[PDB]
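What follows is a set of notes on a single structure, which appears directly below.
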Amino acid sequence: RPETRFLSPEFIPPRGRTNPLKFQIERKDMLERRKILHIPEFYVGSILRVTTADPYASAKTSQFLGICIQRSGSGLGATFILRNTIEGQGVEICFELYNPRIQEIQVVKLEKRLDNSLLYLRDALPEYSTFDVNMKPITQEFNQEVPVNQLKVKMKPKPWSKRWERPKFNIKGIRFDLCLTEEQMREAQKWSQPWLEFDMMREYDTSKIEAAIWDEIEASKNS
Amino acid sequence: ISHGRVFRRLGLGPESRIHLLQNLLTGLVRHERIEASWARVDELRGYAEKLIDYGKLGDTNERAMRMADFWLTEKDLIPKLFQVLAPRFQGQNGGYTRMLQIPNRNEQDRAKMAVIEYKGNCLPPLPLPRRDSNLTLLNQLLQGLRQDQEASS
Amino acid sequence: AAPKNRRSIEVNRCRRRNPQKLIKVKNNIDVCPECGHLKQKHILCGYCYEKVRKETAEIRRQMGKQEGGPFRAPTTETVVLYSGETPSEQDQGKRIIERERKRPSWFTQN
Amino acid sequence: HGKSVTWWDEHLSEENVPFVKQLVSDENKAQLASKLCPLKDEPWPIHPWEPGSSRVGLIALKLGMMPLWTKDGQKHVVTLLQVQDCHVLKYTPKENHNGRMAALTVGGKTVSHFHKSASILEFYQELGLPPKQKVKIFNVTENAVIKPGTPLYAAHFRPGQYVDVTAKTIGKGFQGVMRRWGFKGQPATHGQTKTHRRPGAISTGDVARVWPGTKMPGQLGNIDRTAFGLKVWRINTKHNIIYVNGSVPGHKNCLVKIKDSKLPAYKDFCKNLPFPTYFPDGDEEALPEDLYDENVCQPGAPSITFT
Amino acid sequence: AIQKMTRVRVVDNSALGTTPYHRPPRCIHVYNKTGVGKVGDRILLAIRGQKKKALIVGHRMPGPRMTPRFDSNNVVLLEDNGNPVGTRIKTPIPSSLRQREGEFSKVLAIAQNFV
RNA sequence: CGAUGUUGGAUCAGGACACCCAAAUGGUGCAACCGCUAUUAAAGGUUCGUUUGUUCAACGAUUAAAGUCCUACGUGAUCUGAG
Ligand SMILES: [Mg+2]
Ligand SMILES: [Mg+2]
Ligand SMILES: [Mg+2]
Ligand SMILES: [Mg+2]
Ligand SMILES: [Mg+2]
Ligand SMILES: [Mg+2]
Ligand SMILES: [Mg+2]
Ligand SMILES: [Mg+2]
Ligand SMILES: [Mg+2]
Ligand SMILES: [Mg+2]
Ligand SMILES: [Mg+2]
Ligand SMILES: [Mg+2]
Ligand SMILES: [Mg+2]
Ligand SMILES: [Mg+2]
Ligand SMILES: [Mg+2]
Ligand SMILES: [Mg+2]
Ligand SMILES: [Mg+2]
Ligand SMILES: [Mg+2]
Ligand SMILES: [Mg+2]
Ligand SMILES: [Mg+2]
Ligand SMILES: [Mg+2]
Ligand SMILES: [Zn+2]
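Protein chains in written order, with the authors' numbering: chain BT, 70 to 292; chain BR, 9 to 161; chain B5, 79 to 188; chain BE, 42 to 348; chain BO, 31 to 145.
Set out below in structure tokens:
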């Protein structure tokens, strides 16, 4: 069994016409920051505990635990959203990965989900967002290849925050059969765009870019 | 304000544009050389290059096979795509297609026309614009300058 | 809105004889070195392109008559040969179209 | 005599085009390398700083925008201005230019010889430098003049300073009045017929005309604008890049004219800065790769915690 | 963001915020120069057919980074002099409200959970 | 009267000062805070709602203030048609 290579989503530059020098310098700065702060491996759906310097709290630090709804941003501005239900009140905090105020990021349960963005947990039942604030970390071994949690989620009655049944979201983590009807699916399918899957000109190929990124990463680690 | 837009609007929408592009691509794959409007051929050139790349990707690749199945409307050209076009484009990287502007159409619309062609096909060569020979006055002067540069180097 | 007064011929001439409305002369016209006909510098020659397109049309007619169906796309390479010519050692294993016309001067053997 | 149009590649052969390209590239490299030592050939005399002195500026390139953090915890956003190849082209005397200050002409990034006019190419040939894209004029005092041909670097500015940034803003073309002037539109659906975005009344009945200051649809964006008092947080000397606070007018990868702030609150901060310009060959000691401000959270930091 | 005619939820244990009514408590007026209210802004409510003053604790609009984003427009009821009418707040409250402790001392005293 | 198309509202407002706010002062039956008057100044502002077609008007909450007018009771070849 070989070993697989994982690059953080924030290292990938966007599709724009930005000069590569800005990306080079931003990567240098964020690698320097990673030298001090150990940013671990985590995906959308993983459970994280983040310690942030709070000047007004009783202790100088504050801990927040929650499941990662989404990760977005490129380079030094990368952010991830943590969601948790605290005494029946759902709370979402958008942390910035390379903010100096973060003391520690701890993956208490490294897992994947059926979707790359669990934004529907707002409209899902509260039991799918409630997590123990003091759960002990669950260690994982490499040969588990970060197992995907094939969990289907029940939903609150309509309306939702977004139209999750629409094809533009491509969501496989919702039990639509218990919340919508065949007629509603038939209406929702009118917004499908089959040609986008085969446009083959909207695809962003970053093989060489990722190779250069990891070469720079290895050079920094060796230096 | 259309800053940073790479696709031009054609047909009756995005789906109509895709269908026009796939018809043009099927014609190009079948005939190895087609002529059309300059804008449509310019749009089709990139899709032709990417289709040749997908053909080089392999016959047994399911993603490439499905993309070829979608884009080639005539199903007898997929074996041609995977067994003629891709074998003859192996050492190359991106020089698969040649696009040249031809004189406007004869009828009253006077549209700007281009001709697109896969390289190395079984058709008479186009009247390609050839550069001047070294025997010209300016080229000979440049050659003499190059010779003196080499001698001083 | 309707015009308040008739526009005079002086104003009409000043409007529709302005250099913006006049036809501009083209300075990118040259003679084709092959046939001597006129062509633009950035555009292929009309005479030569008509020759190539017509020859391609004849070749395509022959190779379509060689095939009895519309969906009979050859799965091998293709070679066009003219009268008085035989396939070489490299052209074997391909499909061959034979033309009764002699090989044109512009069509290189390759 | 019906002369035809021509370009530089029209008459060249398939073998002379690479030769011409490499010849021009080598000439440009030699010309750029010849000017790397401006202080040892014949520099102009350097005058002491004065309370009413004005410095020359630079012409940088707007690379992009990056987040930055301050030791107090706040987060700002900075713009990257890269000084690619900034040179002094010509000098104009004060009495011959304005009668109050002298004019120094500064040129930005290099461009191709084959797409410039004869006069511009001749001027750059006499000067001894490859042609530049953007050329600007800076009003300086007579004691801050610099010999033409002198290069300029991003170390001309220092971490902790305020600058003025002039550039052509992002042009949005012929825009409607609602986007050009922020006019409120008509209601959407309560019966309005084809008036949802029209300007409405444009003048008064008695005037029987519209005033010259009337706000009407037209061009929007492609005009020169200046941002005043942008703070400099960081200087990357290796890549010659300035980290200027806030936003910068103009699209990314555009030529930007940067100079010292002219606001009255930042009039006399030229004292601590290098007055004539920065000369890397004079100090005989290399500057640090990154020069930071006193409040910038550097990438290598103890992960600041509050006490 | 809480503006005029916005329905809010009273978090502190109060008779007005607990006794059921046929009309939800709506925002009458926001005390900023803008009509929009953020965390820590005093606003006016129509609870049980009467006018009352409240403080915005949390809203559903995203704000700056590392700021909690709640699932409801939470408000805590206040008096004319600025003191809360309730005794205890159970729902979590943003920790940024402790910065301006000079005027929210009694409001933060009854708060139990901070996020 | 071989047509100068109307109230109110929407959009955009130009102007006057007989100044509502903001600014500099005089007198007070001006101790201070609130006020009452008068002088000078028009670059900039002068809110959101319930009822009413409403201009007005009453009421609710605020604001530094929610000014008076002229402009075909500004503006329907820009809009509405509630009267
Ligand atoms: Mg919504
Ligand atoms: Mg069309
Ligand atoms: Mg534009
Ligand atoms: Mg609107
Ligand atoms: Mg109507
Ligand atoms: Mg309409
Ligand atoms: Mg109508
Ligand atoms: Mg008049
Ligand atoms: Mg009542
Ligand atoms: Mg009449
Ligand atoms: Mg009449
Ligand atoms: Mg006005
Ligand atoms: Mg007065
Ligand atoms: Mg006053
Ligand atoms: Mg006024
Ligand atoms: Mg009247
Ligand atoms: Mg009127
Ligand atoms: Mg009118
Ligand atoms: Mg009217
Ligand atoms: Mg009308
Ligand atoms: Mg009626
Ligand atoms: Zn010809």
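Where a beta carbon is used, it is the ideal one built from N, C-alpha and C, also for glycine.
Tell me whether residue i, by its Cβ, gets closer than 7 Å to a heavy atom of ligand 22.
i: residue 119 (chain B5); result: no
i: residue 128 (chain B5); result: no
i: residue 52 (chain BE); result: no
Got a sec: does ligand 7 put a non-hydrogen atom nearer than 7 Å to the Cβ of residue i?
i: residue 234 (chain BE); result: yes
Starting from residue i, find everything on chain BE with Cβ-Cβ shorter than 8 Å and list it in chain order.
i: residue 4 (chain BR); result: Residue 4 (chain BR) lies beyond the range of chain BR shown here (9 to 161); nothing can be said about it.
i: residue 105 (chain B5); result: 43, 44, 45 and 46
Which residues in chain BT sit within 9 Å of residue i, going by Cβ to Cβ distance?
i: residue 48 (chain BO); result: Here the premise fails: no neighbours, minimum Cβ distance about 15 Å.
i: residue 64 (chain BR); result: Going along chain BT, no residue has its Cβ under 9 Å from residue 64 (chain BR), so there is no contact; the nearest lies around 14 Å.
i: residue 110 (chain BO); result: What residue 110 (chain BO) touches in chain BT: nothing, since even the nearest Cβ is about 27 Å away.
i: residue 55 (chain BR); result: 268, 269 and 270
List, in order along the chain, the chain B5 residues whose C-beta lies closer than 8 Å to that of residue i?
i: residue 92 (chain BR); result: 152, 153, 154 and 155
i: residue 23 (chain BR); result: Chain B5 residues near residue 23 (chain BR): none, gap ~26 Å exceeds 8 Å.
i: residue 3 (chain BR); result: As displayed, chain BR neither begins before 9 nor continues past 161, which places residue 3 (chain BR) out of reach and without an answer.
By the criterion of Cβ-Cβ separation under 8 Å, what are the contact partners of residue i in chain BT?
i: residue 117 (chain BO); result: Those within 8 Å of residue 117 (chain BO) in chain BT number zero; the least Cβ separation is about 17 Å.
i: residue 55 (chain BO); result: By Cβ distance, chain BT contributes nothing, its closest Cβ being about 17 Å from residue 55 (chain BO), past 8 Å.
For residue i, go through chain BO and note every residue whose CB falls closer than 8 Å to its CB, in chain order.
i: residue 148 (chain BT); result: 95
What residue from the options has the CA that sits closest to residue i's CA?
i: residue 60 (chain BO); options: 32 (chain BO), 82 (chain BO), 44 (chain BO) and 115 (chain BO); result: 32 (chain BO)
i: residue 193 (chain BE); options: 210 (chain BE), 76 (chain BE), 71 (chain BE) and 239 (chain BE); result: 76 (chain BE)
i: residue 184 (chain BT); options: 256 (chain BT), 133 (chain BT), 242 (chain BT) and 145 (chain BT); result: 242 (chain BT)
i: residue 14 (chain BR); options: 271 (chain BT), 103 (chain BT) and 220 (chain BT); result: 271 (chain BT)
i: residue 221 (chain BT); options: 232 (chain BT), 196 (chain BT), 215 (chain BT) and 201 (chain BT); result: 196 (chain BT)
i: residue 306 (chain BE); options: 120 (chain BE), 270 (chain BE), 322 (chain BE) and 278 (chain BE); result: 270 (chain BE)
i: residue 53 (chain BO); options: 62 (chain BO), 37 (chain BO) and 95 (chain BO); result: 37 (chain BO)
i: residue 349 (chain BE); options: 335 (chain BE), 238 (chain BE), 273 (chain BE) and 223 (chain BE); result: Since the displayed chain BE opens at 42 and closes at 348, residue 349 (chain BE) lies outside it and no answer follows.
i: residue 109 (chain BR); options: 151 (chain BR), 74 (chain BR), 122 (chain BR) and 64 (chain BR); result: 122 (chain BR)
i: residue 92 (chain BT); options: 287 (chain BT), 288 (chain BT) and 278 (chain BT); result: 278 (chain BT)
i: residue 73 (chain BE); options: 246 (chain BE), 248 (chain BE), 87 (chain BE) and 125 (chain BE); result: 125 (chain BE)
Along chain BE, which residues have their Cβ under 9 Å away from the Cβ of residue i?
i: residue 172 (chain BT); result: 344 and 346
i: residue 6 (chain BR); result: Since the first residue of chain BR shown is 9 and the last is 161, residue 6 (chain BR) is not available in this structure.
i: residue 291 (chain BT); result: Here the premise fails: no neighbours, minimum Cβ distance about 17 Å.
Comparing the CB of residue i with every heavy atom of ligand 6, is any distance shorter than 7 Å?
i: residue 231 (chain BE); result: no
i: residue 237 (chain BE); result: yes
Name, please, each residue of chain BE whose Cβ falls closer than 7 Å to the Cβ of residue i.
i: residue 146 (chain BR); result: 52
i: residue 105 (chain BT); result: 341, 342 and 344
i: residue 154 (chain BR); result: 60
How would you list, in chain order, the residues of chain BO whose beta-carbon sits under 9 Å from the beta-carbon of residue i?
i: residue 126 (chain BT); result: 125, 128 and 144
List the residues of chain BR that residue i touches, going by C-beta distances under 9 Å, in chain order.
i: residue 123 (chain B5); result: 111 and 135
i: residue 126 (chain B5); result: 134 and 135
Mind listing the chain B5 neighbours of residue i? Cutoff is C-beta to C-beta under 9 Å, in chain order.
i: residue 38 (chain BR); result: 151
For a test of your reading of the model: does the CB of residue i fall under 7 Å from any non-hydrogen atom of ligand 9? Yes or no.
i: residue 6 (chain BO); result: Residue 6 (chain BO) cannot be examined here, being either before or after the span of chain BO that is shown, 31 to 145.
Residues of chain BR with a CB under 8 Å from the CB of residue i: which are they?
i: residue 184 (chain BE); result: Simply none; closest approach about 44 Å.
Quick one: which chain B5 residues come within Cβ less than 7 Å of residue i?
i: residue 131 (chain BR); result: 134 and 137
Original post:
Name the residues in the region 246 to 273 of chain BT whose C-beta lies less than 9 Å from a C-beta of chain BR; which are they?
Top reply: 262, 263, 264, 265, 266, 267, 268, 269, 270, 271 and 272
Subject >> Contacting positions in the region 183 to 194 of chain BT - beta carbon closer than 8 Å to chain BE >> reply: none
Original post:
Listed from N- to C-terminal order along the chain, which residues in the region 83 to 96 of chain BT have their beta-carbon within a distance smaller than 9 Å of any beta-carbon of chain BE?
Top reply: 85, 86, 87, 88, 90, 91, 92, 93, 94 and 95
Original post:
Got a list of residues with beta-carbon closer than 6 Å to any non-hydrogen atom of ligand 4, in chain order?
Top reply: 226 (chain BE) and 229 (chain BE)
**OP:** Can you give me, in chain order, the residues of the region 67 to 82 of chain BR that have a beta carbon less than 8 Å from any beta carbon in chain BT?
**Re:** 74, 75, 78 and 79
**OP:** Note down, in chain order, all residues in the region 112 to 142 of chain BO with a beta-carbon under 9 Å from any beta-carbon belonging to chain BT.
**Re:** 120, 121, 122, 125, 126, 127, 128, 129 and 131
Original post:
For the region 201 to 221 of chain BE, which residues have a beta carbon sitting closer than 7 Å to at least one beta carbon of chain BR?
Top reply: 213 and 214
**OP:** For ligand 8, enumerate in chain order all residues having a CB closer than 6 Å to any of its heavy atoms.
**Re:** 249 (chain BE) and 250 (chain BE)
**OP:** Below 9 Å between beta carbons is the criterion; list the residues of the region 154 to 182 of chain BE that meet it against any residue of chain BT, in chain order.
**Re:** none
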